[PDB]
Structure formats: structure tokens, C-alpha cells
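1. Experimental structure and sequence below.
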Amino acid sequence: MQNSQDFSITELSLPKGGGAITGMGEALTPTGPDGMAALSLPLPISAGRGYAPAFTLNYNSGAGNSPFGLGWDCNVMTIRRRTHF
Amino acid sequence: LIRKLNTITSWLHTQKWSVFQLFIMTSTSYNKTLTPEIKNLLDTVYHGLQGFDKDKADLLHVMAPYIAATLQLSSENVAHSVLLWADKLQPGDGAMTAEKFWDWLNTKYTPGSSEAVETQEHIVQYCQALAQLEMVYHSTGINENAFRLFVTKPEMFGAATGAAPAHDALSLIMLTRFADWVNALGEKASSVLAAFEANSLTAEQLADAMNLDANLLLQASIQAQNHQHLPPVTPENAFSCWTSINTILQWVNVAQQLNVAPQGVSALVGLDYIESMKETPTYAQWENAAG
Amino acid sequence: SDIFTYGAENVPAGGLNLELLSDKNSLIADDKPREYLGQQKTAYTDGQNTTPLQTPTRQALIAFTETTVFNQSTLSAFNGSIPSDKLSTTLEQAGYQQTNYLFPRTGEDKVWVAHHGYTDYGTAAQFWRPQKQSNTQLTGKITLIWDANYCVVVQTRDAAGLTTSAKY
Amino acid sequence: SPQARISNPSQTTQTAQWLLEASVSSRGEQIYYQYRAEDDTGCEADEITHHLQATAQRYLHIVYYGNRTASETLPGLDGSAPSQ
Amino acid sequence: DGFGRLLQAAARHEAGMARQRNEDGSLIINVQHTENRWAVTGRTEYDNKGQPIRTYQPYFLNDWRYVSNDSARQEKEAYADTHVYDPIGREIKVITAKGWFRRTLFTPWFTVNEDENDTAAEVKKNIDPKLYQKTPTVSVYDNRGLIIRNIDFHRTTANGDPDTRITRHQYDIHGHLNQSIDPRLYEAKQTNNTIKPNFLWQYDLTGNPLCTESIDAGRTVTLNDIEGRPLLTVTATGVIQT
């Protein structure tokens, strides 16, 4: 609808049940030029007020070991000293 | 003949043209035919020739917009020059100019059909000719204004003079030199073309556009005006006739290859052998020239 | 947003690209017959004033959005069938307003726009949640009553006092 | 805060990494990230014997979000430990 | 399925005849009476992208439990359509349980839509199918992706030379439909230029028609207020309604 807003809040309607079972997300990532295999899994993080940590658990071939098992990263934002040279 | 070939073939070799490309651009055989390659232009020229009043309308302004679409993107101004040219040249068996379009093509031709009065065949020759100048425009790499000038004032370039240039391969070389020249002028080319069409262009002003030391352009003009060249060169048209400009720029170009400053070029010109005027050079001339 | 139309004869060999279009004599250069398709503007607030701000605040609180609905040339659509004074009057009653072009050119007049999507926001002490909403000024506002933690809306009220609510 | 850092165990000013500790939104919402430092519980003597310091690693332990009280500032300032 | 797509659903019905589910999920075509009867509907096999490829007709079943697909694909009487797709994801061909099919040809400017009669001659191994040979419906597009011509082909006999019936459309600068012409009127317009299009439209900048005019119904004009609800309108007969 034109001359209306996309943030309009008009209902306190209840969700419906049944339907298809989707299960958990499994993003087998459509990678390109790097050639690596990768997979993202969502975490059970409540939206809360709308400002939740943006975490996911990520598999990346070549990632190395980690607190989440070999090949998977935590995906937490950090700043680090560069060690490559 | 061999020198004519050295003149044209060495040129085609740097312009990346084949003889065939030259041939289709320079042939004046103008085949009298109406296959789709021709019909496709005639079929839209009719809108121009039917929606306009010919005794009030300027046919060049009427037709240039339609040939723009049937020709490969000929802007109205290029298209204007393409028609103006054909009208002065008469590129056909007889005096085949655009006006036949108003009397026969948009009357008897019957748009969409090739069964009509023989005037339609002369229309074909004209239309093919327009396409030839188009091929020349694009294969030459000539600017839009640079191009209209050879049609507007053909004399200045050594063109047909009493007409817009015929597709004479030798003229194509000269017509091309102007195109190469405006490309040399680059971004400054438009102030020069205006001054050039006008009688205001002179020494120093051109040199700036040509990125030359103005004094070398200037003394080059002075020699161009003192030596008898095929065209006469006098200060009045030293920078208005393209042919005078080439004479001058050649005095500059030679000085550059010889590193002698154009007066110094003349010194090495008047050193003759089998001289028909019997102006046997003297030792002093050879001596000064060597110096 | 404007539009140009050119014929096939205007497509330069090789097609269009930035170097050609950026040229002062290009198909999108100035002094060309641009047709107007429409324009939009975002109006920002500070949660206190009804008068829109010249610039947005940190919270980017959008007060409302402006859209052009009619140009002078589109009002021609009515084919008359309404008095000209009646028409401007009717449009004002209908919520349309006349304003300038956001990206104006020499040679044009005011156009009619609609204002919509109005939101009244609460304050920073509250998490900056919308408190009241309306499609426009032609209708009333829906009141949003936020829970104690400003997480979900607990109760909504329409303009007529009609009220719904929910437990979570 | 020290737990948000990975640094040379002895020369503790030599920070290798600065991990996200806190964030605030323009609308007054906050997130605080509590990290746990590496220790030797659950390890045998062999591990302890060979890797005497090895306290450098940090793990994300608790993410605190949905501040009860609106605020424009970062929740990690002044080093105040988060409390549920 | 594991992608969250519906494979099928069934509803409970009153006792009656139903196909039977065998112990291994096999489908038994020969029906028997049962107290426990469900109607199976919306049964679809997919191509692992989610483009349904085999879609089944509804049937009754003496179970609620899902019927195996290796079984259904082999029974034949377990009727279904086959949907063949291109690399774009568009349907190319749809083959029904009768062997009859629909087919669509896509070109950069037009879409040729063949119905089951157009293709009847190709499924030969009623109405003499020669009649529909080469009579697809063709949708012709402009370079904005809008349809500007609809070309139908017309024969009243199987051996006739098909006519061409073209409905024309024009769109304005916003892509709204500006006008349309019935091919009968179109040809007439070419003879007499005072002839109007069947329909004309005028729009505001949000795409709301403000006006419409029809050679069959006269001209109307409408003004809606900014919420889209109508405020003022005039009928072809001049009735002003507010």
C-alpha cells in the first residue's frame, strides 16, 4: 500500500501451528573464487528486544582447529595484531 | 604508378584499411538495386518525405533524422553532411541529388515495394553513396565538425571544389590527414575548427592547439608563403585552407626531423641536379646548407 | 526519478558506458527533455517536535515520508470534469500538498505530494520505541503500549478507543 | 577488561587481541560479553607440568543482552562486572 | 521433506472405498472398503531445488501414513503430471496423465504457449488436430519486459490457412498500460484515423488510474485521497459521486 508505512504495528495476532517441518538451518554456502567448502549453522539466540549477538557457527575448510572442533569458528568480532609478516 | 602505390598502399597499411575496404568506399559503380540493404532506408525516408511540406521544409533537415536510423547512428549533423555531400557530388549516373525523393520516391515508388518508376534506381545510387561517406567517416575517425567542413567548403581541402569530395583515394588521404590533425588538436580541436572555418585562425593559435613552439609554426608559415607549392600559399589563407596548413605543418615536420628550424629546411631544398628551370645551385648554397 | 527516451539511432556503437554518459553532451546531459516520474523525501524527528528536522538525529527517527503523486501535467488527466479551483481545493482536502522539486531544474512549478507513515516516538529513557502510528493525517493514531521492558507491545488502541491486548 | 584480552601472560601489556566486550545501539540497547580465562581444572599433571602458564586463551562464556534499563553508554565502561 | 516442503497431506473421511497401503508403503490400486479412510491430496515429488516435477491426482487411502514413491511411480494408474523445467527454472513442458501436453517456447522477445490441442498431433501414439497445428498463443514483449502484442491464430476448419489476430497494447513512461486495441478496431483505425483505442488510461505517479475510457463504456474519472479510499468520482453518464 502506498502512503502507508512498512513498520506499521496493527496486530497482536497469534501464530499458527502445524505445516511442514523445516528443522534447523544448514547453509551449505555457494562459495565461488576461493574454492573452499563452507557451512553455516544458526544458534538458538533469542531476538530479545531486537539487539541480540549476531552469532552463527561456521565451517570453513582450511579454518584449522578451534574451541568448536576442527574446521569450525566462533564468529566473534575481534581486533588483532597482524602476524602474517 | 609505383609512387602512387607507395603513396596509397603505405597509407592503407597505417590506417589498417584493405584494398577491398577502399574499393567499396571509392567505387562509383553504384549498383541499381533494391534488396533489403537499400530498401530499409527508403522505407523510413518516406515518413520524412510525406509528413513534411517540401516547399517550406529543408530536405536536409527532413531527411537527415531518418537516415540517422538506417545509417549506423549518424547523428543529425553527420547525416546532414552526408546528404549535403551527395547533393553536391551527384554520386550516380546523372545529377542525382536528394530532391528526386520529393517528386518520385514518395509518390510513385510506393513504400514497401520495389516495383516502380526507374527514378527509384537513381535513388538507390544516392543512398549507397550516403553509406559510402558514412563508411569513410567511421574508417577515417573524423570529428563531426571536421567532417562537415569538407562538404560545407570543399575547396579548402583540395576536394572536388566545385562539389563536395569525390571518393578519390588520393583525396581520401588528404581528407584523412585533416581527421588525424583534429585528433592531434584533441580537446582544442573545436576552437581551431571554428577559427579555421573562419578566417581568424592564425599562427600561434594553431601552435597552441598543435602543441608546437609557435615560433617554428611561424617561420614554417613564412617558408610556406615564399616557396612555390602546388597550391599557392599566401598569408591570407595560410591557416584557412587545409592545403595551406599541410604545407606549413610539413615545413614544421621536416624541421623537426632535421632539427634545423624551418628556414634551415629551405636551405637544404634549393640544392638541385636535373633542374628543368636550370637553377643550377651554387657551391655557396651547398655550403650554407651543409652548415 | 526522471526518464529519457531516445530512438534506436541514439545508441552509440559499442553501447553506453560511464565515459560516454559523463560527457557534457551525453544523453543524460543537461538541457535534455527529461520526463518526471516522481520524487520522494524522508522526514526526520527528534521525538519531541512535530516540525521536521533539517537533518536527522543519531536515532534516525523517521517522522514521515513524502511522495509526489501529481505533477501539473498529470492533473491534466482529470480532463477537466472538475472546476480548476475545485480541484486544488479537493486535493488539499484529500491530503495532497504542493511543494517544490527535491532536485529542481530551471523551468518547473510545484507538484502535489502525499505525506504518510507518521510515527510519534517515545523518549530515550524508554527504549526509543514508536508510541503512536498513522498511515496519514486523514485518520487517527494507533496507540502502542509497550510492556515494562519495552520488548513487546502489550496493548493496542485504535482511534475509536477500540482496544486489543495480549499476554506473552 | 582483562578477560577481553589475549596478552603475553607475563608481559601483560602486550595485547595480541582485543575481543569484543561490549556494544551499544543508538536506540539505547546494550550487549555485554563475558569471557572466561583458561585455567587448569580438568587437566592432568602432565599438561600442567608442560604448559606452566598457558592462561592466555579466552573463551566466550556469557553474553548478556536486553538491558533492563535503557542507556546510551557502553555497558563495559568502568570495568563493572555484569550481573544478571 | 527435509527442506521443509510439503510432500502431501491427507484428511480423514467417512468409511468407504480406498486404495491400500501395503506393509512396506507400497500402493495397492485395487480398492477395498474400510473404516479408516483418508483422502490423499497435494502429493508432489521435487527435483531437490523445489520445482515440483511430479504431481499426483488425489485418491483415497486406507491409512494416513505416507505412500512410498518407488511404488507410486510404478503403478501408472496413480496418475500424475510431469513438469519439465529449463535452466532458468521456467516450465518447458507439462505432460499430463493422458499423455497430452502443454509446451512453452521462450525467445528473447516472445513466449509461445502451446495448449493440449496444439500438441495433440504429437501425442498421436475427437477434433481433427490439424486444426491446432501452429496455433499457439504468442505473447510479445517490449524491451521493458511488458507485453505489447498478443497474437492468436484463427481457423474454423482443420485445413484452413490460419489468420493472425493481434491485440495491441502500449505502456506509458512508468510502464502503466496506456491503451489497448482490439484487432478488429485496429485494422479499422488504419483506414480511419479518428478511431480511438478500445481503452485508454491516465495514471497518477503512484500508478493509480485516474481515468479510463472505453469505446464500450464511456469515460470515467476518479480521485482517491491519500489513503487510497475514493473521495470523488464521475461516471460516463455524468453522475458525480462523493
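-> That came through, no problem. Numbering: from 1, shown residues only, chains lettered A, B, ... in the order given.

2. can we go C-alpha only for contacts and neighbour counts from here?
-> Fine.

3. Would you mind writing the CA trace of stretch C:43-54 as CSV?
-> What follows is stretch C:43-54, C-alpha atoms only, in CSV (Å, rounded to 0.1, in the frame of the first residue of the first chain):
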residue,chain,number,x,y,z
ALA,C,43,11.3,13.5,7.1
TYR,C,44,13.0,13.0,10.4
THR,C,45,12.1,13.9,14.0
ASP,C,46,13.6,14.1,17.5
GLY,C,47,10.7,12.6,19.3
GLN,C,48,9.7,15.9,20.7
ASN,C,49,8.8,18.2,17.8
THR,C,50,6.1,17.8,15.2
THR,C,51,8.1,20.2,12.9
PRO,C,52,10.6,18.0,10.9
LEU,C,53,14.3,18.5,11.5
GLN,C,54,16.7,19.9,8.9
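
4. residue ranges of the strands in chain C, please?
-> Secondary structure of chain C (DSSP state E): strands located at C:2-3, C:35-36, C:40-45, C:61-70, C:96-99, C:111-116, C:118-121, C:130-134, C:142-146, C:153-157, C:163-165.

5. Compute the number of surrounding residues for residue 59.
-> No chain was given, so I picked chain A. Neighbourhood size, residue A:59 [other C-alpha atoms under 10 Å in any protein chain shown]: 22.

6. Please refer instead to chain E.
-> Under the neighbour criterion other C-alpha under 10 Å, residue E:59 is assigned a count of 16.

7. looking at it, it is touching residue E:43, isn't it?
-> No: at 9.8 Å, residue E:59 does not count as touching residue E:43 under the criterion of C-alpha atoms under 8 Å.

8. what's the closest non-adjacent residue to the residue nearest the centre of chain A?
-> With distances taken as C-alpha atoms, centre = their mean, residue A:56 lies nearest the centre of chain A, 4.1 Å away. Closest residue to residue A:56 apart from its sequence neighbours, by C-alpha to C-alpha, 6 or more residues apart in numbering or on different chains: residue A:42 at 4.8 Å.

9. Next, work out how far apart residue B:192 and residue B:146 are.
-> Distance, residue B:192 to residue B:146, using C-alpha to C-alpha, to the nearest Å: 10 Å.

10. same thing with residue C:94?
-> 59 Å.

11. same thing with residue B:211?
-> Remark: distance between residue B:211 and residue B:146 (C-alpha to C-alpha) = 19 Å.

12. With neighbour numbers in mind, choose between those two.
-> residue B:146 (22 against 13).

13. Run through the residues that contact that one.
-> B:178, B:179, B:182, B:193 (C-alpha atoms under 8 Å, 6 or more residues apart in numbering or on different chains).

14. which bits of chain A sit near chain D?
-> For chain A, the residues in contact with chain D (C-alpha under 8 Å from any C-alpha of the partner chain) are A:48, A:49, A:51, A:52, A:53, A:67, A:76, A:77, A:78, A:79, A:80, A:81.

15. Go again with 10 Å.
-> A:46-53, A:67, A:74, A:76-83 (C-alpha under 10 Å from any C-alpha of the partner chain).

16. what's the residue nearest to residue E:4 when sequence neighbours are not counted in contact with, if anything?
-> Leaving aside its sequence neighbours, residue E:4 sits nearest to residue A:22 (C-alpha to C-alpha, 6+ apart; 4.0 Å). Contacts here follow C-alpha atoms under 10 Å, 6 or more residues apart in numbering or on different chains; on that basis residue A:22 touches E:1, E:2, E:3, E:4, E:5, E:6.

17. next one: residue D:19
-> Shown in contact with residue D:19 (C-alpha under 10 Å, 6+ apart): A:76-80, D:1, D:3-6, D:33, D:35, D:58-60.

18. I'd like to know how far it sits from residue E:16.
-> 68 Å.

19. again with residue B:274
-> According to C-alpha to C-alpha, residue B:274 stands 124 Å off from residue E:16.

20. neighbour-wise, which of the two wins?
-> residue E:16 (16 against 8).

21. Can you pull the phi and psi angles for the more buried one?
-> Note on residue E:16: backbone dihedrals following degrees, to the nearest 10 are phi 170, psi -160.

22. Any figure for the gap between it and chain A?
-> The gap separating residue E:16 from chain A is 27 Å, by C-alpha to the nearest C-alpha, to the nearest Å.

23. swap in residue C:59?
-> Taking C-alpha to the nearest C-alpha, one finds residue C:59 at 15 Å from chain A.

24. The residue nearest to the centre of chain A against residue A:68, yeah?
-> No: counting by C-alpha atoms under 10 Å, residue A:56 does not reach residue A:68; the two are 11.6 Å apart.

25. circling back: could you flag which of the residues of chain A next to chain D are buried?
-> A:49, A:51, A:52, A:53, A:74 (16 or more other C-alpha atoms under 10 Å in any protein chain shown).

26. for the first one, what are its contacts?
-> Spelled out, that is residue A:49. Counted by C-alpha under 10 Å, 6+ apart, residue A:49 has contacts C:127, C:149, C:150, C:151, C:152, D:29, D:30, D:65, D:66, D:67.

27. mind redoing it with 7 Å?
-> C:151, D:66 (C-alpha atoms under 7 Å, 6 or more residues apart in numbering or on different chains).

28. which SS class is it?
-> For residue A:49, the assignment made with DSSP: H, G, I helix; E, B strand; the rest coil gives coil.

29. okay, now the residue nearest to residue E:163 when sequence neighbours are not counted: neighbour count?
-> Nearest non-adjacent residue to residue E:163, counting by C-alpha to C-alpha, 6+ apart: residue E:154, 4.8 Å away. Applying other C-alpha under 10 Å, we find 16 residues neighbouring residue E:154.

30. same thing with residue E:13?
-> 13.

31. who does it bridge with?
-> residue E:37 (DSSP bridges).

32. Would you confirm that it contacts residue E:35?
-> No: using C-alpha atoms under 7 Å, residue E:13 is not in contact with residue E:35; the gap is 9.1 Å.

33. Okay, and residue A:41 sits in which element?
-> Here residue A:41 sits within strand A:38-42, counting by DSSP states H and E.

34. Pull out the buried positions in that strand.
-> Buried residues in strand A:38-42, counted by 16+ other C-alpha under 10 Å: A:38, A:39, A:40.

35. what does chain D have sitting close to chain E?
-> Residues of chain D found near chain E (C-alpha under 7 Å from any C-alpha of the partner chain): none.

36. all strands of chain D, in order?
-> D:5-7, D:15-19, D:22-24, D:30-37, D:58-65.

37. Would you indicate which residues of stretch E:33-50 are buried?
-> E:34, E:36, E:37, E:38, E:39, E:40, E:41, E:43, E:44, E:45, E:46.

38. Just give the number of residues close to residue B:48.
-> For residue B:48, using other C-alpha under 10 Å, the count is 21.

39. Reduced to three states, what does it come out as?
-> Assigned with three-state DSSP, residue B:48 falls in the helix class.

40. residues contacting the residue in chain C positioned nearest to chain E?
-> Closest approach between chain C and chain E, counting by C-alpha to the nearest C-alpha: residue C:94, at 4.5 Å. Applying C-alpha under 7 Å, 6+ apart to residue C:94 gives the contacts E:225, E:226.

41. what's the answer for the one 3 residues further on, then?
-> Applying C-alpha under 7 Å, 6+ apart to residue C:97 gives the contacts C:112, C:113, C:114.

42. check the residues you listed against chain E, which are close?
-> Among those, chain E is touched by residue C:114 when using C-alpha under 7 Å from any C-alpha.

43. Of the contacts of residue C:97, which is the nearest to residue B:105?
-> residue C:112 (50.8 Å; C-alpha to C-alpha).

44. ok, and the closest non-adjacent residue to residue 77?
-> In the absence of a named chain, this looks at chain A. Nearest to residue A:77 is residue D:20, by C-alpha to C-alpha, 6+ apart, at 5.9 Å.

45. wait, I meant chain C there
-> residue E:202 (5.8 Å).

46. what does residue D:48 give?
-> residue D:40 (6.9 Å).
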